[PDB]
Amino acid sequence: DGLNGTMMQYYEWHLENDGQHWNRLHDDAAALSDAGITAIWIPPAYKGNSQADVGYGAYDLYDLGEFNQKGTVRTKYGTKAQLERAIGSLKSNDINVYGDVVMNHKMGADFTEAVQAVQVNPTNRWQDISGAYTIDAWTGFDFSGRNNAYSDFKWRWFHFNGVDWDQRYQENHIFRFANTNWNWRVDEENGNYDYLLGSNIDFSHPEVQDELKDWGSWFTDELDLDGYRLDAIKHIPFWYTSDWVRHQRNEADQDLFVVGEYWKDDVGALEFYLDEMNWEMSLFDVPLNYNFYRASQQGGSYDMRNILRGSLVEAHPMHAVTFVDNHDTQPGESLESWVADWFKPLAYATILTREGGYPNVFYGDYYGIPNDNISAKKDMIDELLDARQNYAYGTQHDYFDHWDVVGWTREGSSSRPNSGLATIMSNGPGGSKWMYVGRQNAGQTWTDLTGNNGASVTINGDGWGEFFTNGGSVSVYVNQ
């Protein structure tokens, strides 16, 4: 009934490869809903390069842990039946399901093929650095164990335009297939960032365009998805992602939420992409991720008044999926920009108690990351989810007027009893700030849901209250 939406990435990079994750998800459904989670982003659910693959080394998009391929039947997360069972549990508990979609490349080809290719400048793929010669690339996919179930489409080298490994001479190089063009338009870092890893798909081919559109529809129907999380889209021709998304919404009866991962610490680049998409999807707020990271790294000297500056949520709140960390930013991973424990509570309060943006909770933060001795922050997050789910409603007032202490308020809405809140925090010494929470809340006494400050704040006759916060901390006051 108008409840704020909250997404949760249900996995972390170092999850154990025990094949019991879908089952865990299934048993956690009710608890997650009660906690305030309304949507779950599941990891790539199809067969990857190997059983332990996190899912991005995608081998067979039609094998959801159902066929014996790549050395295993189940994926790292479990079997097809356990996933379907988990999804059913999510639906019955009012939780939307977003499926991760990996279409930029394929990995784990069954055999190599001889291909004329040229080496290109890694920092400028538009420039060849060698003449054309024949290499042996891993491009042949037969999906043997699937027996053509669902689809008899087979992949070959002519469906791709590049790889980063030559099996003939056993060397690593960024290869562009001779007589093939890099996809366009794509991100321009390194000149043309079409190629990332694995066997890079060339969408110029109509057969490729149709195959992935048809697979998408099949995947959507098979799992009854409510949306998707589009992987590495800055490496995929923009025109195609738009075509694909429009195609899926046309084939599915249910609404489909779409959030793309355009990984770049540049809001303008993201806005450019959204213009190209005619704003038909949201994008993860990568700049905000880096804002949080810069703050975490610098300490109190960071000017909190700029915490949201340059972020996507700041400019287009309706098209931004906000987050603090993910499987790519956690320690040791490729896009590391981990927010330390001290600043993490402030970052989560920022995405969970504000009116703009569609916030996402990271599994690694919620349950911790054992591999790196990172504690579970479930207690802290649940209090902020309680705030979001039951109190973050109504007109918002911002107070980013001090370099250390900042905050904002929500007047609450008649639709939700006792809703309304006041968030105040400091990345340096503690302090206080008078903020307006709505004259309709006069006479109420508000207390901190996080327990970080025992102050009791009574709202005066004009609807103003003075809220307190300790140093390097965050408090969220509500009429509890």
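Residues carry their position along the shown sequence, with the first being 1.
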Determine, for stretches 442-450 and 42-50, which one has the higher mean CA B-factor as deposited. 442-450
Comparing 126-134 with 340-348, which stretch shows the greater average C-alpha B-factor in the deposited entry? 126-134
Tell me which of 259, 376, 117, 103 tops the list for C-alpha B factor in the record. 117
Taking the Cα B-factors listed in the entry, which of 164, 222, 226, 325 comes out highest? 164
Can you tell me which third, lowest, middle or highest, the CA B-factor of residue 3 falls into for its chain? highest
Of the three thirds of Cα B-factor ranks in this chain, residue 216 occupies the middle
Chain thirds by Cα B factor, record data; residue 154 belongs to the middle
For residue 32, the third of its chain by CA B-factor is the middle
For residue 297, the third of its chain into which the C-alpha B factor falls: highest
